[PDB]
Amino acid sequence: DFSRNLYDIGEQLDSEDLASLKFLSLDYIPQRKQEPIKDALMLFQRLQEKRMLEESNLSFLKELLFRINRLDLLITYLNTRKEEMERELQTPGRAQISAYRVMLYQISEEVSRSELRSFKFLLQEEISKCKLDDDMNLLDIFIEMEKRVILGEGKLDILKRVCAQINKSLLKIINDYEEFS
Amino acid sequence: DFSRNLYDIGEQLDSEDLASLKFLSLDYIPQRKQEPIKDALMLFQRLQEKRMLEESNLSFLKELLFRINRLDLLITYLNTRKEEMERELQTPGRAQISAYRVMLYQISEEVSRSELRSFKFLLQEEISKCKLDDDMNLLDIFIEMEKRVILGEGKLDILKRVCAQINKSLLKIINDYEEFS
Amino acid sequence: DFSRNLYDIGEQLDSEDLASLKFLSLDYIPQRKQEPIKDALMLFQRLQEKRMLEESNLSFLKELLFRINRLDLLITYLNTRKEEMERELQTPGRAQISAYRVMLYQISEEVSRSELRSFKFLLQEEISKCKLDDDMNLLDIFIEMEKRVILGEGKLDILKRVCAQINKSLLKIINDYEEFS
Amino acid sequence: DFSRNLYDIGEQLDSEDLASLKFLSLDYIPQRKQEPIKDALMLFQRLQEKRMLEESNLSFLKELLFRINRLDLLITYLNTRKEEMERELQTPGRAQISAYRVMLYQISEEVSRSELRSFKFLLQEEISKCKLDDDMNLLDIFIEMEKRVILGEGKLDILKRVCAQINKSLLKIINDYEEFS
Amino acid sequence: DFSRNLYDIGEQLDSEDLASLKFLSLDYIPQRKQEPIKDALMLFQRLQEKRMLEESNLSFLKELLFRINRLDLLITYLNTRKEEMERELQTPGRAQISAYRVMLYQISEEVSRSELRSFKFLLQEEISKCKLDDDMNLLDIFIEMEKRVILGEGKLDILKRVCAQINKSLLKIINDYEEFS
Amino acid sequence: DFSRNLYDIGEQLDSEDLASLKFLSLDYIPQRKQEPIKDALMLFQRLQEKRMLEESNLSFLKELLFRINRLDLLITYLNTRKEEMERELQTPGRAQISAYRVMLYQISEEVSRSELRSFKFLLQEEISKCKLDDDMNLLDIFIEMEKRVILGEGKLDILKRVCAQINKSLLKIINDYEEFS
Amino acid sequence: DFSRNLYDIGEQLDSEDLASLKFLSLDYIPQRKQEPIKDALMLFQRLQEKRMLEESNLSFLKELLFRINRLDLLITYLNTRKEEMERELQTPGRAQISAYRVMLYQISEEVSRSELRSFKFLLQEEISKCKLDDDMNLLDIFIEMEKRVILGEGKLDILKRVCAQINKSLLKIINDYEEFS
Amino acid sequence: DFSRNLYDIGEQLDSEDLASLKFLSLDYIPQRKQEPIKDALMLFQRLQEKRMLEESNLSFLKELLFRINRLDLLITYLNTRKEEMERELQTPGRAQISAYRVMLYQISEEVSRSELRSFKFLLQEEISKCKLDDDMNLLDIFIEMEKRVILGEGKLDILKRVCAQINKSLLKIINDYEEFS
Amino acid sequence: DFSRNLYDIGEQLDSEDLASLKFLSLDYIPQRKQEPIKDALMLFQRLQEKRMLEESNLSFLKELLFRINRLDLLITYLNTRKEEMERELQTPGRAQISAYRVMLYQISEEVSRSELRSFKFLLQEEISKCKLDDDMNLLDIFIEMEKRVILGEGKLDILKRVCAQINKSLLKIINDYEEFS
């Protein structure tokens, strides 16, 4: 019955937060399969097809909100505290979103608009293969980097070289991924 | 019908006031549902659809104008005196906007753009995830604080932990939490 | 004579108008007799066979045009004033189209495309038995609901729950049918 | 062969031009019989059946291009001076499209897309009978108003009540129509 | 081949001055066909439709470049001496941009940003439907005043109501209307 | 109408006198509404929005101008003597500016521009971490005291503990605390 | 069997990627057999029909995905690395499609949306037969030309008449047709 | 690759130096092309658009740094001595930035802000055609002079007249152009 | 949570102190990246982004206050004695700011505001490249000379040749530079 209230979660979702969910959902939803999604419920439909999100199991949604920092919804509508997802972080295999995706998202939160401009031209300096613009959310840029296979667990060094021209707080985020080695 | 007057109200409504009205609509319009609204008329349409703003019931708009201090509209268009605010504040349930939201507005009401920069210097301690713009409305920041569940009805007294460091006059509004009971 | 003139009058009607007329003809023309209809004249032929629409008695057509707000035809071709449609209220049973169908139609007039997509999700949330698509008109959905016996004067509460997820003006349209209790 | 060679005219005509031509063609082509038209060729076929556009008589097209301000084509392909389009004003009946239509057209050209949104609010101020959409051309709205018989050659000055609120110079365009009384 | 140099002119045209070209084109291209224009070359395409600007006749562009003081482009691309702009003064009707538009432009050139703010305050007193923001331009105000039908060729003197309060030199500019005596 | 003729005040109104008006308007115009005021026109705008400034009642403006002694110009706008401000003393609540704001202003008028230096030293004693910009006149300092809620209507007398060290004439100003009896 | 997975390549391919593949498949699949194609599987089936691409010989697909820079799919589905095509395509006759197609694609990667806008404006001046609109891809333009054999390898440098006014690095691409000698 | 270092060079560029580079780049970058440019690398992207600056040829930037006295970057990061830029004097055409532009730049380096005040007073004495503003950089004024063709290799006597009215030492720069007689 | 205690530093520090910090920060922050900074807390943000200043490592801030002679603040903010700064100086690699920068600062402290005038004359004798202004700090001038590469680690012994001419005791510091090499 709570699908009725899934609606009542999605309406509070920012267009930007949706794009964030799209990026994080890429571990399950194909790069094009995700594209028709225009809101949370569209995502939920895909996740129902993948059986990641359903009335019988909204634990994926629970994490998703934890990952994009929409804890207001986790508590308000899913009626649980963030510490539940922190318990899901306790042991391997309980987290549904990969740590690497989380780190890349954390970057997108750390990187400012001005720095994003640097990211745009700087990546172009790294390769002409990418066609970039001011509409390229860093997360969308990351998707493009995946296409060229210059973004991944074995390409982390590239991100660090990029960070050298941006800031060291990002470099930190990169080093903080060491524990998942 | 009466939307003939709403039009002429909206023409005189400021884009800054509209931003604050979006915050005030949070007790009815979903957190991010109002985000594609560009002018007063679109806002008014949503309120008509939710029947918060009716041709026979303009009392919600009346309050809204009281909340954004537009007395040039209260009398000019709604033909109501300023004293009617206290009339609507006679008993609980009469006001449509929570005193909680009213306080949050007044808290930001006394804030300077230079204090907003100072706030960001303190907000990075509260949550480094908060990617904020130098022209970010404090009310928008409050929405972000909801996301972190660090600002709320019972978490109102979190604000003073950094607001007292910026402008202790805000405390006079925060202490009005007593009007919850 | 004029029955033949209708040949060149029906072309002024939309395909959405036709679909709407099909919904309105649900109290006369069977679903299996509605589907073959491809244009207004096909509809007219069925109504001629059922003697609802004949040159000697076009009072059914007259009402229909009122029901779908095509008064331009009511006056310019059927040569009668829009004010004459009030005669439907002179006595119970005078109207050929039931108020119930009128209400459901008015809803489809009030519901936008974006809201329609929301209705698609909401019904999916209500049950998986109803398979839906992007070409589903709200009136088409109502037909599907009828077939599944979840649409009726005693099922209005379901529509009310769904409308609560959209807007209160739709709820109003439904509540306007309460006077026929 | 020649009229067939004019099939290419549609390659320099815009989709907006076609939409405008459809409105202007309403005096001869049924309100919705025009809709299958996807290009100028399709339009011409309807005009061939209506005998408005013939290989040996393009005077109808000549007027159209003048009315929609595609003078580049009026000269380049139809090889006629724009000055000779004013010959429609020499005696009554020389014009093929009613002055009523070009009046409404000029209005639609004068109104901004942002003002169209403003109109939408005032269109509900007029009535709830008109269902609105973001893709509605003001000419489309005019058609819808005709359907409700609240707009016409005798009801043109109904628009003035709303137009005064958007652009009062439209009132003059309307007032000038009086000269054809 | 100069239509390829129209591109060049457009690149060498100042994006800030393009706004004034739109103002100058008000009596040829409706604000609806102006607002989607992003550069001069797009405007030029509109002027091709009206046949104001073609390779066979760039005299309209010539006049436009005179108004926005781009004499360097008259020489560089139109290959003509600056004095040839004054050929429009030989006989009445030669000019295509009314001195009315020229004077209003000259006013906007004389008015300081600080004086504009003053005019915006005075507009708030003058126009009952005045709406102000940080993107306002005196030329845009003039357009809006036409929409209020308070500014015009015969109503030009209205500007002296506020110009006399600001800068006598602006009033002097207005007095140039005397040439229509 | 006439309101527009009060704009002239700005020509003779010193920016420092405007800053004084800002201090006096602290009980009316919000911080965020006050600080973007760059001239009397922006001030007037805010006053109109709260309908404090209206042709039917300019008494608030009058009182304000009396405080800064610019009501001397009243005889050039309303044609009446500034002495009629004494009417505010007839009964309690007639004055719109609290004697709290008045007394603090009188202090800023009594203290020498060079003596302010000593007040900066006093501020060092009270708060060695406080920023002491040379632009901080006593009125701005008083605002900073409000930011530290050390100064107010009930705290006003606190100033005497350092004012006695500056000049007994300042104590004489402070002795107007008797007006709160 | 395993082909089931290959079918899903299209679930990561974008519509832009597929459109690019269509352009690159112009040396195999006619424009009349490309239109029905809506996804990668459709493309695959067209190629399977004539054994041009089949599960037992994916060497053409290997290049295709390599050429459109989707190396993540070379890994994910083709279970290989870019190195394979880099080595394989070193010598003439190893490519399945003309480098002419590839080079034109590379241009579409280098040309910005903003550059394409002005690129199209030049196309209108360069070829009056063009039917330009917002849905035209740069590659679609090239096809439009081929529809009447007015663009191809024989005039591969024709684009220099447009690129010279846009971006010299596009001229560089043209100057990289050295191996076609 | 190395572009990465050009970025790193650019981070030490002043916004004034950037504007100066824009002026010097006016022999290449279109009048409005540089308007969205907010930092060095953005400019470099426009220089990549023209291929004035490229990893294959950095001599353009190298000269520019010499022109605006940023040898701290030329020597430090581009490993180039100023004498190698001075080596340009061997033969004509070695310089990519005209001595005309360099001369006018040097003037802006010689003229004080206080002399710009007196310049702008004399500018109005010369003509009211210039859209005078307090934020007008002398180089921006030069651009406006170019617009009106009152600045050039044959208009240098205008600046010479102005210089004689400001500072006799300025004449030592503007007269130096005589070497190209 | 430790940066919470940095807030009250920037409030105490002067704009001059900030300017001094900016000069000393040049070894890490680009010559023109710090310019938008309006207070010390904005500086701190940049330092934390570049991780030059960390909550776990405040030793850079510690040094900063030492270098600008604010040792008495170390006990008030970092709770450490000034003697520990000499402890740091005991061994190489502990200091984060170069002695070169520090010594140049000491010079600016020794040079009088009046002497600066005579230095401006000397700077003109040195070169016409450095544009001078009364609002320039000697440290700002130092930066400008560095830009011309006439001031540096190997040119420090050149500048002093005119420094002694104003204050011989400056060289009592400068000549000690030898000890660091």
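Details
Letters A, B, C, D, E, F, G, H and I mark the chains in the order given here, with residues in each chain numbered from 1 onward.
Everything below uses one rule, namely that a contact is a pair of C-beta atoms (placed from the backbone, for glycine too) under 8 Å apart; a residue touches a chain by one contact, two chains touch by 3 or more.
The chains in contact with subunit B and with subunit E alike are D, F.
Interface comparison, D-G versus A-H: the higher number of contacting C-beta pairs is recorded for A-H.
The rotation that brings the Cα trace of subunit D onto that of subunit F spans 80°, given to the nearest 5.
Of the chain pairs B-E, B-I or B-C, the one whose interface repeats that of B-D, sharing more than half of its contact pairs by residue number, is B-I. Counting the residue numbers used at the interface between subunit H and subunit I, under half appear in both copies, so the two copies meet with largely different residues. Annotation: 31 Å between the Cα-based centres of subunit A and subunit G.
Taking each chain's centre as the average of its CA atoms, subunit B and subunit I sit 46 Å apart.
As a whole-number value, the distance joining the C-alpha centres of subunit C and subunit E reads 53 Å. Contact with two or more other chains is made by residues 8, 48 of subunit B. Pairwise chain contacts in this structure: A-B, A-C, A-G, A-H, A-I, B-C, B-D, B-E, B-F, B-I, C-D, D-E, D-G, E-F, E-G, E-H, F-I, G-H, H-I. Within the complex, the subunit B residues that touch subunit D are 1, 3-4, 6-8, 39, 41-42, 44-45, 48.
The touching residues of subunit H, counted against subunit E in their complex, run 30-33, 35, 128-129, 131, 133, 146-149. Those residues of subunit I that touch subunit A in the shared complex are 48-51.
Contact residues on subunit B toward subunit F in their complex (touch as defined above): 69-72, 75, 82, 108-113, 115, 166-169, 171-172. The touching residues of subunit D, counted against subunit G in their complex, run 8, 11-12, 14-15.
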